[PDB]
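Undergrad: Fold the following.
(7 chains, ligands or ions: 1)
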Amino acid sequence: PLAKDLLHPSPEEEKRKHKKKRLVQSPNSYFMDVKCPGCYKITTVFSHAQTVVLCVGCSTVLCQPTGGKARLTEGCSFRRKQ
Amino acid sequence: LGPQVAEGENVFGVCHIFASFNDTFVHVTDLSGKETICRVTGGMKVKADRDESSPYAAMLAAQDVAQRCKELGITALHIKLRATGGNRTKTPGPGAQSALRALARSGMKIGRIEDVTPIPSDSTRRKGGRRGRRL
Amino acid sequence: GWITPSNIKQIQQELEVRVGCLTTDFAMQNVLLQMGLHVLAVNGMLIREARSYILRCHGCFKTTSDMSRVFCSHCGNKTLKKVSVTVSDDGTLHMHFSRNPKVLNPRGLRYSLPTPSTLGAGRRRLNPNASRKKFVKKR
Amino acid sequence: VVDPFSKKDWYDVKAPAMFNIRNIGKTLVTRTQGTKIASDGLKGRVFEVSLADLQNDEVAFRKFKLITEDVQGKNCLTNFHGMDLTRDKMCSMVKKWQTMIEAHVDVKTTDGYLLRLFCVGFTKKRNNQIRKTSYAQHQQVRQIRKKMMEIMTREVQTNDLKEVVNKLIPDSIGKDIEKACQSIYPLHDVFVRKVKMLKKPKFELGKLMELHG
Amino acid sequence: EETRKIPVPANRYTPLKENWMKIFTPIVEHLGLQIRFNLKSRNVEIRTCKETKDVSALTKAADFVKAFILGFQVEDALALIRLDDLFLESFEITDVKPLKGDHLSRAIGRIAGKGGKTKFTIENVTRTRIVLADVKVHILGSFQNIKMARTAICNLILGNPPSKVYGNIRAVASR
Amino acid sequence: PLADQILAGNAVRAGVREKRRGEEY
RNA sequence: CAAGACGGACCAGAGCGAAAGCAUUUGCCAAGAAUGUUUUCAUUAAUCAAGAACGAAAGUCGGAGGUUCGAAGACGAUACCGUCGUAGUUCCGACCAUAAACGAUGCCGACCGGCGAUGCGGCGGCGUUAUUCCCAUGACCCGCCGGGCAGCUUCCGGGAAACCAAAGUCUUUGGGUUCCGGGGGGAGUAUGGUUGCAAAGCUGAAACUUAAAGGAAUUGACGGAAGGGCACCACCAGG
Ligand SMILES: [Zn+2]
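TA: Residues are numbered from 1 along each chain as shown, chains lettered A, B, ... in the order given. The structure is reproduced below:
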């Protein structure tokens, strides 16, 4: 209190804050490569997806929508981007 | 009259102690519930209406019903305490406790004690108004 | 497990040659059985096992056998907790913790303070940050 | 002017053969004077007996209501009519910071005994729980109610009253509900608190002989 | 042999444990009865033993424990052991007039009074003992004393101010 | 206690009261 | 056995709803807040005159049912109380539009101390449980974020003070906007208008009369009242 650099907050405090209440607002989500166990293709999937993303070659269910982050099925691998 | 049962074994009657807010009914009957041995209430013993629901009247009525069952052969009794229930008070008062104490002194052995006061799911209105009480 | 009037004189403590001891408090019996000295009781026979409860501090790791104390000795916080102990004749002691996370958690331990006997004991054991009735008051 | 109790007599009433205590008591009956038959007074006699008066080492809060319809000359025969729990057990079982879940079914047995089954269940506090209250959400209450309804239905619909009441003496249905509803919300002490004789078929003699051995 | 069980609610387990000594001693030395408390069923069971004295006092012993379950101190329930003309009367506050919410709480506070003072006064007026639960109220005393305490309690929940009930109950005790 | 109050009301107070009223050579 | 009633305990510093209000199970119907969102549109918004919808209880018109309770009323005692009991309390369809309908406290927006409890949603994590459950999931445990109901604490500041984290950011006085008060009575009265089957609801004076009316807390007298002590100028037993 009464002495804190509002221009340079600590990064853990910026990650702690609400996504709109940061100094420059930014999303908490990400895009990710998903590799189906029955194949080896790459699918670009939003972390907070609301639709059932299907495999382009296997036509299998990749993620299940939830209230928050999407639930990937068991057996498929994922890797974050950027 | 000595219901063909040896010495050690005993017959169980059941006693309904209706401890109302006007008197106490001590009602002894067979284990089924239909055939009743004797029913002596508080007003059969005392003379006034001040003490119909007194502990002394319940004590004397319990002595009377205990003597009546002892001249028949019933020594063991189950107990069903029972307030007036329904919309009214739902706890057996001092009359029921007096009757239990008197039946304990008389030589009667107590079986199972259970409250059988009628609790509603949720009943109609009570005899009081929006404001009224006892006193 | 039944309690008869014939057992009231029997129930004094945990009941199991020339010189003995008539010690009662667990501290002296503990140090005597640690030294191997044979301790006696109000009854004729001696003591083989002695088990009781002590207070252990989880802040500065110091134990106290005083069952009525509430503050610690070295650190001085209100931080003592019940830990059981048992000793034998051979000089062997074993002392039991509890692996229950209910005892060690800082739930009701932080609250804002106002600016500056045994009755009403269960009211203090409630945490202040909780629902009390709207028309009742804590002092 | 004359004592009525000299004309009365005594009938000895005993439980069916599955209970290790044989005699359950004595009953006062009036004698036949031609106008009415003494056996007609025993066609519907309802008895309340606790289970601790019927077994030695078992619990006491459970009680059974028995219907009596037969007599054969100083030998009285009873039949099942229902059950209940002791009022003090129910009153002590309803605690405060927990949820009470009730269910009921109307089910038919293998021999026409149409029964009404009631169940009451309470939620557990965990062995490391620090929150004062342990409430089940409404959907979880619905799954618990559906699960216990279907379990009691599948346990009594295709089953006969012998093994039904031999489940009722130790309340194995309660153990089944406690084991099966654990994956939703941990239940505390579930009981079949009431069995009601809804519908009774035509009476036959050999089956009560199998009740009494 | 006779037996009798008394349930223990969860709010009464710690008081029962803390002064258990002065609870089991006056039964085993005076009435010669044999007691225990099981934790699986949470029940205090009393049964008669061989060295029983005055068997037609077992019920009294049960009343002892029963009073301590209702919130009475062990001294008053030991008085229930000693005196024979002592009874227990229980009723709810809503059991005589429907009060909902804050009205019920204000009725409770009127029975209690500031510092419990009003309630305490009634005790010394009537030579009774009153413990009132969340909505329940229990009175321990002789019959006419119960009637006087019930009169004062019913008048306080009518809405009569505590001052008038205080003065009238002192005047009635004078008579 | 309750029984102490009942017995104190059942008995009569007594005990201390100093009432001051009223050779060699 | 039947009839109508009502859904106890669970039931809370709880939840939902615009408010009035809402608690037995299951099924159907359409709404809804919060959350999550690297979706879409691109200023579509805030407030209310006129106007419209709902609005506890009682009450009024018509149908059905009347279990309990019960205005008026009939008896008995002493405005209080008891017995009996009509309208009503209940359902359906229209009127009524009034409450201490309360936080006695407009709505939207910004800033301004702390704590940890709780309801919901999301996220992260050692770990324990479905008899060392063989990965996940429900139940707990720790921590964070968002909108909530609601507490405790504070010389933030404000206030007549009680007190308020708003009733603060007010003589250092201006974010936007609606309703509304001007000493006490006459008096929410008369009259006029309007709505209503009616009861009544909405709007609403003046003549006249008066130096007060009222708010906040604090005690101090105030006949007195409850405990004790003492006294043969008080008493018992007496002379
Ligand atoms: Zn320490």
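Undergrad: From here on, just use CA atoms for contacts and neighbour counts.
TA: Will do.
Undergrad: Break down the chain into its helices, ranges please.
TA: Going with chain A. A:11-16 (DSSP state H).
Undergrad: my bad, the chain I had in mind was chain D
TA: Under DSSP H, chain D gives helices at D:87-93, D:138-156, D:161-168, D:172-180, D:205-211.
Undergrad: Minimum distance to residue A:66: which of these has it?
TA: With CA to CA as the criterion, residue A:66 lies closest to helix D:138-156 of these, at 17.3 Å.
Undergrad: Which residues outside that closest one are in contact with it?
TA: The contact list for helix D:138-156 (CA atoms under 8 Å, 6 or more residues apart in numbering or on different chains) reads D:101-105, D:107-109, D:117, D:119, D:164, D:173, D:176-177, D:180-181, D:184-185.
Undergrad: and the residues you listed near RNA strand G, which?
TA: D:103, D:180, D:184, D:185 (CA under 7 Å from any atom of the strand).
Undergrad: now the residues you listed in a markdown table, with neighbour count and distance to the ion?
TA: Below are those laid out as a markdown table (neighbours: other CA atoms under 10 Å in any protein chain shown; distance: CA to the ion, whole Å):
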| residue | neighbour count | distance to the ion |
| --- | --- | --- |
| D:103 | 17 | 53 |
| D:180 | 17 | 46 |
| D:184 | 13 | 42 |
| D:185 | 20 | 39 |
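Undergrad: Mind checking the helices of chain D for the one nearest to residue E:135?
TA: helix D:87-93 (15.6 Å).
Undergrad: tell me which element the residue nearest to residue C:96 when sequence neighbours are not counted is part of?
TA: Excluding the flanking residues, the one nearest residue C:96 by CA to CA, 6 or more residues apart in numbering or on different chains is residue C:84, at 5.2 Å. Using DSSP states H and E, residue C:84 maps to strand C:80-88.
Undergrad: Can you point out the buried residues in that strand?
TA: C:80, C:81, C:82, C:83, C:84, C:85, C:87, C:88 (16 or more other CA atoms under 10 Å in any protein chain shown).
Undergrad: which ones are touching the fourth one?
TA: Under the criterion of CA under 8 Å, 6+ apart, the contact partners of residue C:83 comprise C:53, C:54, C:55, C:56, C:95, C:96, C:97, C:98.
Undergrad: who wins for neighbours among those?
TA: Comparing the contacts of residue C:83 by number of neighbours (other CA atoms under 10 Å in any protein chain shown), residue C:55 comes first, having 22 neighbours.
Undergrad: Shouldn't that one be within a strand?
TA: Yes: Residue C:55: assigned to a strand according to DSSP: H, G, I helix; E, B strand; the rest coil.
Undergrad: show me what contacts it?
TA: Applying CA under 8 Å, 6+ apart, the residues contacting residue C:55 are C:63, C:64, C:65, C:66, C:67, C:80, C:81, C:82, C:83.
Undergrad: Pipe those into a markdown table and attach distance to residue F:19 per row.
TA: Listed next are the contacts of residue C:55 as a markdown table, based on distance: CA to CA, whole Å:
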| residue | distance to residue F:19 |
| --- | --- |
| C:63 | 63 |
| C:64 | 59 |
| C:65 | 57 |
| C:66 | 54 |
| C:67 | 53 |
| C:80 | 60 |
| C:81 | 61 |
| C:82 | 61 |
| C:83 | 64 |
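Undergrad: Pick the one among those residues closest to the ion.
TA: Nearest to the ion among the contacts of residue C:55 is residue C:80, at 7.0 Å by CA to the ion.
Undergrad: mind listing what that closest one touches?
TA: Here residue C:80 is in contact with C:55, C:56, C:57, C:58, C:70, C:71, C:72 (criterion: CA under 8 Å, 6+ apart).
Undergrad: Just the buried ones from the residues you listed, in ChimeraX syntax?
TA: Buried subset of the contacts of residue C:80, written as a ChimeraX selection, criterion 16+ other CA under 10 Å:
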select /C:55,56,57,72
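Undergrad: For the contacts of residue C:80, which two are the farthest from each other?
TA: C:58 and C:70 (13.0 Å).
Undergrad: hey, what's in contact with both of the two?
TA: C:79, C:80.
Undergrad: what comes up buried for the longest helix that chain C contains?
TA: Looking across chain C with DSSP H, the single longest helix is helix C:26-35. Residues of helix C:26-35 classed as buried by neighbour count (16+ other CA under 10 Å): C:26, C:29, C:30, C:32, C:33, C:34.
Undergrad: Perfect, that will be all.
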